[PDB]
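Here are the chains, one letter per residue:
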Amino acid sequence: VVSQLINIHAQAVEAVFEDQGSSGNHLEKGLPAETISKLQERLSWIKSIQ
Amino acid sequence: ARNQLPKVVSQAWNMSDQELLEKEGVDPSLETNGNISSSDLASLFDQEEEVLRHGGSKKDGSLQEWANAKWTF
């Protein structure tokens, strides 16, 4: 009666695309997995982003 | 024509990751007089980027402003 799982992760954060005038091609298909790993400015208490 | 640039990038050392930190500037597209674009002049002699280098540890905010100030001026 429940769905099958893929995984469980701690420390999850949600983010959304900012629309600035350009052509965002990546809206045709979802952005591939593994593209993002950094903040705009490094803040010193963080290690890695997946 | 020798004063115009095709693009500018700044560099510094990233000690946390053990690699270089690179930031590209943003072209403000300033409105000036005359009828020839800065982008027509920039490509005339050398299309390679200008690189602003510092050998120490810098914050991203500083590197980004440096590249932007250079291009605007």
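Residues numbered from 1 in each chain as written, not as in the entry; some residues may be left out. Chains lettered and ligands numbered in written order. Part of a larger assembly, values for the part shown. Heavy atoms only, no water.

Per the deposition metadata, cryo-EM was the technique used to determine this entry, at a resolution of 2.8 Å.

Undergrad: Can you explain the overall build of chain A? Please cite residues and give values.
TA: Along its length, chain A carries zero helices and zero strands. The C-alpha atoms of chain A give 15 Å as radius of gyration, which overshoots the globular expectation for 50 residues (10 Å, by more than 25%). In terms of overall dimensions, chain A has a C-alpha envelope of 45 × 35 × 15 Å along the principal axes. Carbon and sulfur atoms make up 52% of the accessible area of chain A, which amounts to about 5900 Å² in all. (Helix = DSSP H or I, 4+ residues; strand = E, 2+ residues; numbered from the N terminus. Rg over C-alpha atoms; globule rule 2.2 N^0.38 Å. Areas by Shrake-Rupley, 256 points an atom, 1.4 Å probe, with all protein chains shown as cover.)

Undergrad: So what's going on with the side chain of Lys23 of chain B? Residues and values would help.
TA: Locating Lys23 of chain B in the fold gives a position in strand β2 (residues 19-24). Within the structure, the side chain of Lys23 of chain B is placed 2.9 Å from the side chain of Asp60 of chain B, a separation counted as a polar contact. In contact with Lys23 of chain B, not counting residues within four places along its chain, are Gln40 of chain A together with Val8, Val9, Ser10, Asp60, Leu63, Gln64 and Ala67 of chain B. (Polar contact = N/O pair within 3.5 Å; in protein donor to acceptor, adjacent residues only side chain to side chain. Contact = heavy atoms within 4.5 Å.)

Undergrad: So what's going on with the pattern of salt bridges? Which residues, and what values?
TA: Residues and elements named next belong to chain B. Summed over all chains, the structure comprises four salt bridges over all chains. A salt bridge links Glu24 to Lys7; the shortest N-O distance between them is 2.9 Å. One end of the pair, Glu24, is in strand β2; the other, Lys7, is in the segment before β1 (8-14), with 17 residues separating them in the sequence. By relative accessible area, which is 48% here, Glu24 ends up partly exposed. Take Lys7: its relative accessible area is 30%, and that puts it in the partly exposed class. Of the charged contacts, one joins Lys70 and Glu50 as a salt bridge, the two residues approaching to 3.8 Å between their closest N and O atoms. Of this pair, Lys70 sits in helix α2 (residues 60-72) while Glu50 sits in strand β3 (residues 50-53); the two residues are 20 residues apart in sequence, bridging distant segments of the chain. (Salt bridge = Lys/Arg side-chain N within 4 Å of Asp/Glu carboxyl O. Buried < 20%, exposed > 50% of the residue type's maximum accessible area, 1.4 Å probe, protein only.)

Undergrad: Would you mind going over the pairing of β2 of chain B in detail, with residue names and values included?
TA: Residue and element names in this part refer to chain B. One ladder, built from six bridges, connects β1 with β2; its direction is antiparallel. Residue pairing in the sheet places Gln11 in a bridge with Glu22 of β2. Counting the residues in the hairpin turn of β1 and β2 gives four residues, including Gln18, whose phi is positive at 65 degrees. (Pairing = 2+ DSSP bridges.)

Undergrad: Any chance you could break down α2 of chain B for me, citing the residues and the numbers?
TA: Residue and element names in this part refer to chain B. Between its first and last C-alpha atoms α2 spans 19 Å; for 13 residues at 1.5 Å apiece the expected length is 18 Å, and the two agree. Buried within α2 we find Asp60, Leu63, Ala67, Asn68 and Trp71. Summarising the axial view, the buried residues of α2 lie within an arc of 130 degrees, below the 170-degree limit, and thus occupy one face. Check the buried side of α2 and you find it contacts β1, β2 and β3. (Expected span 1.5 Å × (residues − 1). Arc of directions from axis to C-beta.)

Undergrad: An account of the sheet that holds β3 of chain B is needed here, citing residue identities and associated values.
TA: Residues and elements named next belong to chain B. What the three strands build is an open sheet, ordered β2-β1-β3; its pairing is mixed. Of all strands in the sheet, those with a lone pairing partner are β2 and β3, marking the two edges. With direction set aside, neighbouring strand axes in the sheet form an average angle of 30 degrees. Of the strands in this sheet, β1, β2 and β3 are in contact with α2, which crosses β1 at around 155 degrees. (Axes fitted to C-alpha atoms, helices over the stretch in contact; angles between N-to-C directions.)

Undergrad: Let's hear about the side chain of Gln11 of chain B: which residues, and what values?
TA: Tracing the sequence through the fold places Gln11 of chain B in strand β1. One polar contact links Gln11 of chain B to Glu22 of chain B, side chain to side chain, over a distance of 3.0 Å.

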